[PDB]
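Please read the structure below before turning to the comments.
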Amino acid sequence: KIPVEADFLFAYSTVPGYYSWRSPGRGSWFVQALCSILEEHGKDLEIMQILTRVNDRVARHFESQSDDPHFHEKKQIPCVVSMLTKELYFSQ
Amino acid sequence: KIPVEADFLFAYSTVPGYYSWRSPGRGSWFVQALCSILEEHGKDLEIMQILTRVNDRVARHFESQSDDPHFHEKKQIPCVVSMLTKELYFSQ
Amino acid sequence: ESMX
Amino acid sequence: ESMX
Amino acid sequence: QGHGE
Amino acid sequence: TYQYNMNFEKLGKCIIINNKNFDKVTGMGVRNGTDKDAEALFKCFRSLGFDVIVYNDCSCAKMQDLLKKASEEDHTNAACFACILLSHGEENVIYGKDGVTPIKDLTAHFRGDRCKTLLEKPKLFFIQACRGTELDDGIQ
Amino acid sequence: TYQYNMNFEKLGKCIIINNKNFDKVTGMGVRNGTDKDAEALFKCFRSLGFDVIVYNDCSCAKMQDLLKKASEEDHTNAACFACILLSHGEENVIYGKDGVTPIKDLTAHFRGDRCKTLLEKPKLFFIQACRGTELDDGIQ
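Protein chains in written order, with the working numbering: chain H, -5 to 86; chain X, -5 to 86; chain E, 33 to 36; chain Z, 33 to 36; chain L, 17 to 21; chain B, 61 to 200; chain F, 61 to 200.
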């Protein structure tokens, strides 16, 4: 038998309890990052390597901008939840 | 700047809402598996690779045994939550 | 930016 | 087995 | 190290 | 071997749910920029080899039914499954245009016992949505 | 550039909380087998290079003080930090010998803004404990 909850992977744009940022002109930070990394390595990196790089890109490359000082210069860190039982590659 | 929630990694023995099994004579399923993988690959595999193999080991090699039919032949799958921004190796 |  |  | 597919 | 078997007729189905407009009663505002995300994701996933489908401004009932039906289809010839949700959200919850629905109920349709043709195959979910109202001020 | 820098004098500190016996007021039973796990974990993590210490039957206050003090130490010469929790638990909480305590409270002490010496360094938590009462029947 195999556990019914096995082989799922959840890639959240942010951690539990936090907001997620989105740019009206460029799109959400997480998606911008995800597509960027996938365009470059979606065909040669394992899924966790890809999302880890996505984690780093969102964490370092983005900072919020708003007139309201309360939402000014805020950061974000994505969250990967894995129940996978094997390494995942999208090719070969 | 760096998100304050960045660079954390949680390796749970089971998924949210579920039970976690433990053998009184051999120890919990999760630790038995985690220790055998680390003893053989702790220094040559990346952390996510290690935990993915732990997930497979727990998912395939274990199955509950009990008199009460309600807890007979149950399975388990661990849960890995990652906010890491780089690959992690325990060496060099 | 806005929040989601 | 028991549960945690 | 070396993760190779 | 330690890799998922990818030798199948096709990589798999990729469902994108792009929620931009919400009913006034929910208190949620328009998600400007979401069409750009949906566009980029579609090209990106089509490029990987997925058969991608894009839904727009879905109600909670529509999201549930849409995923339940996808899980009742035959995946025998597919290597995996991918689903991307773009919307407003709160902890453990995702917004439909008319309200809120538990993320767990959306993904449960694909458990091993309820979707046999995806058993032992990776089931991926990418979620762009809030999960609360805390802000990360950062450090350094 | 894609790997955490491990070129430090120490790999890091490793805290193992092994809770086996609980107060009758909690209603939780003895966790037989947890000593086998603790000893196994001790040797494994020691082999990796961690400076491990095992604490037995900790109360909730003891666990909080244990993690707080650890986060207040100087990790300047360490590559990372590891904490292993073995005990009874429920969704979002872990049992001390005298009751429950939020897992978030134990780990928040290591946030980038509360432990500068571990900033940009991996913080690892391994947790053996229940997270609810659901059972997984498995399939095929």
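Don't be surprised by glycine CBs; every beta carbon is placed ideally from N, CA and C.
Notebook entry, point to check: Where do the N-terminal and C-terminal ends of the beta strand (DSSP E) with residue 78 of chain B fall, by residue?
Noted result: 70 to 78
Notebook entry, point to check: residue 190 of chain B touches chain H at which residues, Cβ-Cβ below 8 angstroms?
Noted result: 8, 12, 13 and 14
Next item on the list: Return yes when the Cβ of residue 116 of chain B is within less than 7 angstroms of the Cβ of residue 78 of chain B, no when it is not.
Entry: yes
Notebook entry, point to check: chain B partners of residue 47 of chain X, CB-CB under 9 angstroms?
Noted result: 62
Next item on the list: Closer than 7 angstroms, Cβ to Cβ, to anything on chain B: give me those residues from the stretch 162 to 180 of chain F, in chain order.
Entry: 172, 173 and 179
Note to self: Give me the chain X residues within the contact set of residue -1 of chain H, using Cβ-Cβ distance strictly less than 7 angstroms, ordered along the chain.
What the structure shows: 9 and 71
Margin query: If you measure between the beta carbons of residue 104 of chain F and residue 156 of chain F, is that distance less than 7 angstroms?
Written below: no
Notebook entry, point to check: Name the DSSP beta bridge partners of residue 188 of chain F, please?
Noted result: F:146
Check: So the alpha helix (DSSP H) residue 131 of chain B belongs to, where does it begin and stop?
Finding: 120 to 131
Next item on the list: Could you check if residue 113 of chain F is buried or exposed, using at least 16 other CB atoms within 10 Å of its CB as the buried criterion?
Entry: exposed
Note to self: Please list, in chain order, the chain L residues whose beta carbon lies closer than 8 angstroms to that of residue 38 of chain H.
What the structure shows: 21
Note to self: I'd like the list of long-range same chain contacts for residue 102 of chain F, defined as Cβ closer than 8 angstroms, with 5 residues on each side in sequence excluded.
What the structure shows: 76, 112 and 114
Check: From which residue to which residue does the alpha helix (DSSP H) around residue 46 of chain X run?
Finding: 41 to 55
Margin query: For the structure I just gave you, are there three or more beta carbon pairs, one from the stretch 69 to 76 of chain H and one from the stretch 40 to 55 of chain H, closer than 8 angstroms?
Written below: yes
Next item on the list: Would you tell me roughly how many angstroms separate the C-alpha atoms of residue 94 of chain F and residue -3 of chain H, rounded to the nearest one?
Entry: 24 angstroms
Item checked: Best match in B:65, B:158, B:89 and B:154 for proximity to residue 7 of chain H [C-alpha to C-alpha] -> B:154
Next item on the list: Tell me, please, whether the stretch 8 to 28 of chain X touches the stretch 28 to 39 of chain H by the rule of three or more beta-carbon pairs shorter than 8 angstroms.
Entry: no
Next item on the list: At 7 angstroms on the CB atoms, spell out the chain F contacts of residue 63 of chain X, in chain order.
Entry: Here the premise fails: no neighbours, minimum Cβ distance about 12 angstroms.
Item checked: First and last residue of the uninterrupted beta strand (DSSP E) at residue 0 of chain H -> Here residue 0 of chain H belongs to no beta strand (DSSP E), and DSSP marks it neither H nor E.
Next item on the list: Please say whether residue 190 of chain B and residue 159 of chain B have beta carbons closer to each other than 7 angstroms?
Entry: no
Next item on the list: Kindly give me the distance between the Cβ atoms of residue 166 of chain B and residue 127 of chain B, rounded to whole angstroms, as I take these residues to be in contact under 8 angstroms.
Entry: 5 angstroms
Notebook entry, point to check: For residue 141 of chain F versus residue 73 of chain F, is the C-beta distance shorter than 7 angstroms?
Noted result: yes
Next item on the list: Return the chain-ordered list of same chain residues with a C-beta closer than 6 angstroms to the C-beta of residue 70 of chain F, the five sequence neighbours on each side being excluded.
Entry: 137 and 138
Item checked: Alpha carbon of residue 65 of chain B to alpha carbon of residue 64 of chain H, nearest angstrom -> 48 angstroms
Notebook entry, point to check: Once you ignore the five residues that flank residue 67 of chain H on each side, which residues in its own chain have a CB closer than 6 angstroms to its CB?
Noted result: 57
Notebook entry, point to check: When the Cα of residue 27 of chain H is compared with those of H:44, H:2, H:84 and H:13, which residue comes out closest?
Noted result: H:44
Check: chain H beta carbons: is any one of them nearer than 7 angstroms to that of residue 53 of chain X?
Finding: yes
Next item on the list: Find the residues of chain X that neighbour residue 198 of chain B, judging by a C-beta separation of less than 7 angstroms, and give them in chain order.
Entry: -5, -4, -3 and -2
Note to self: Since residue 9 of chain X and residue 77 of chain H should fall inside the 8 angstroms C-beta cutoff, what is the C-beta to C-beta distance between them, to a whole number of angstroms?
What the structure shows: 6 angstroms
Note to self: For chain H, check one thing: does any of its Cβ atoms lie closer than 7 angstroms to the Cβ of residue 187 of chain B?
What the structure shows: yes
Note to self: Tell me the rounded alpha-carbon separation between residue 59 of chain X and residue 11 of chain H.
What the structure shows: 38 angstroms
Next item on the list: Taking residue 100 of chain F as the query, report the chain C residues whose CB atoms sit under 7 angstroms from its CB, ordered along the chain.
Entry: Going by chain labels, chain C is absent from the structure shown, which instead holds the protein chains H, X, E, Z, L, B and F.
Notebook entry, point to check: Does residue 56 of chain X have its Cβ less than 7 angstroms from a Cβ in chain F?
Noted result: no
Check: Since residue 85 of chain H meets chain X, which of its residues come closer than 8 angstroms, beta carbon to beta carbon?
Finding: Per Cβ cutoff of 8 angstroms: no residues; residue 85 of chain H is ~18 angstroms from chain X at best.
Margin query: Comparing C-alpha positions only, which one of H:1, H:31, H:4 and H:3 sits nearest to residue 148 of chain H?
Written below: No information on residue 148 of chain H is available, as it lies outside the stretch -5 to 86 that chain H covers here.
Checklist line | Status (buried if at least 16 other CB within 10 Å, exposed otherwise) for residue 91 of chain F | finding: buried
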